[PDB]
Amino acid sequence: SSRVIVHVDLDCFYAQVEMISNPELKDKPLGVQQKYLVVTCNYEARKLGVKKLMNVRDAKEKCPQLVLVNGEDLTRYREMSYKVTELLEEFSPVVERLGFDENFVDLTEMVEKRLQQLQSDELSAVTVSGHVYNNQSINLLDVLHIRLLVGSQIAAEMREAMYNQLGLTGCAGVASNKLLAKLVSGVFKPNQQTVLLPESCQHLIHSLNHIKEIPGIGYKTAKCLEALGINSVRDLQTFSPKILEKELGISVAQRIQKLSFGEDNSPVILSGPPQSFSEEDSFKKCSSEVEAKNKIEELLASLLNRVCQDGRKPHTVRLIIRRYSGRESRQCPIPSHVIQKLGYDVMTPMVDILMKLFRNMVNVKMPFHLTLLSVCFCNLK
């Protein structure tokens, strides 16, 4: 029943890709910018006070010498992401992606086969690779300790393969479920790894200072729980199941309370190929239907390239907008003939479709403006 899970999280991912592209920025403090957001920075810049998701005014005010590179085109980051995932898939085929830079791998079967090859004189020689969370003592006679140590070794081999084959560094966490692996992977950063033995689970879980630090408890749930007087992990652990179900529904309640105990039975799922391909473009102002139409042509060209490279075809298209004060969208199926002709002028029909979808949302006869235009291709087969 007991699993060995690894979580891998790349060091300052976008920035790391930019530093590999141009080594002139290797030792300069570097931030990757998307409009007015420094979505990440390398660690040199973190030493001078730059933080992830700072806006660029605060970034340059805390660090006026910060070199900034534009990261609004995700192409290189995306390619690198899938190179990491495929490398990990070589170890065990079932790899779950989370964002562009995190991967879960279930090492249970691998650990088992490694232990079955070992002979009883060297079950005593098993050693950890990397950090043991909270300096907990290893008990070599504890089978769970043994298999988590093997997991730490596989994790080290994974990170070394990532470095030697792709030039990327990152952190790994080995634990008995996805939640604990992801929580322990960030304990020693950057480019380090930690293993969590079971006796320390509670310690790990109570090291958190607010519930929103738990993956699965987002902005809305956190705000609700705060309204309920729940602020610590122990608050949520000890809170009434009934009341919590009443305000969050049965699903959210049971899941996040189990999570607050460090319990997580969810399996590592094979991510495989993406379920969708989208591109966004935000701006201060779009009020011309001709302008929006040009934006939409542009997003669509790149999207066509990408979907054609995949080698499977989308069967639904969606357009998304944002009005100046949430988001709104309209989708529709992609006609069969246009679908058959992907990768012929697919562009003009797709444009007409997307523009009709556009006018369904926005009244051209009245005046408007828009702050975000996005196109998504989903329902791939």
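Between two forms, the rigid core is the largest collection of C-alphas that superpose within 1.5 Å. From 1 onward, residues are counted along the sequence shown.
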Higher Cα RMS in 9 other deposited structures of this protein relative to the shown form (core alignment), 179-187 or 285-293, goes to 285-293
Of the two stretches 239-247 and 86-94, CA positions deviate more in 9 other deposited structures of this protein after rigid core alignment for 239-247
Among the other compared PDB entries, is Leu342 dropped in a third or more?
yes
Other entries omitting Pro367, at least a third: yes
Here the number of deposited-sequence residues unresolved in the coordinates between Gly343 and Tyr344 is 1 to 3
As the entry stands, the deposited residues without coordinates between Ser325 and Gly326 add up to 4 to 9
Higher avg CA temperature factor (220-228 vs 70-78, as deposited) belongs to 220-228
Assert higher mean C-alpha B factor (267-275 or 108-116, deposited values) equals 108-116
Entry record, C-alpha B-factors for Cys308, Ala155, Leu179, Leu204; the maximum is at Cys308
From the entry's CA B-factor values, the highest among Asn164, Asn139, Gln257, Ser287 is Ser287
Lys295: C-alpha B-factor third of its chain, per the entry, is the highest
Temperature factor at the Cα of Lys381, chain-ranked in thirds, falls in the highest
In terms of its chain's C-alpha B-factors, the third that includes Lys246 is the highest
Entry-reported C-alpha B-factor of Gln16 relative to its chain, by third, is lowest
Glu280: CA B-factor among chain residues, third -> middle
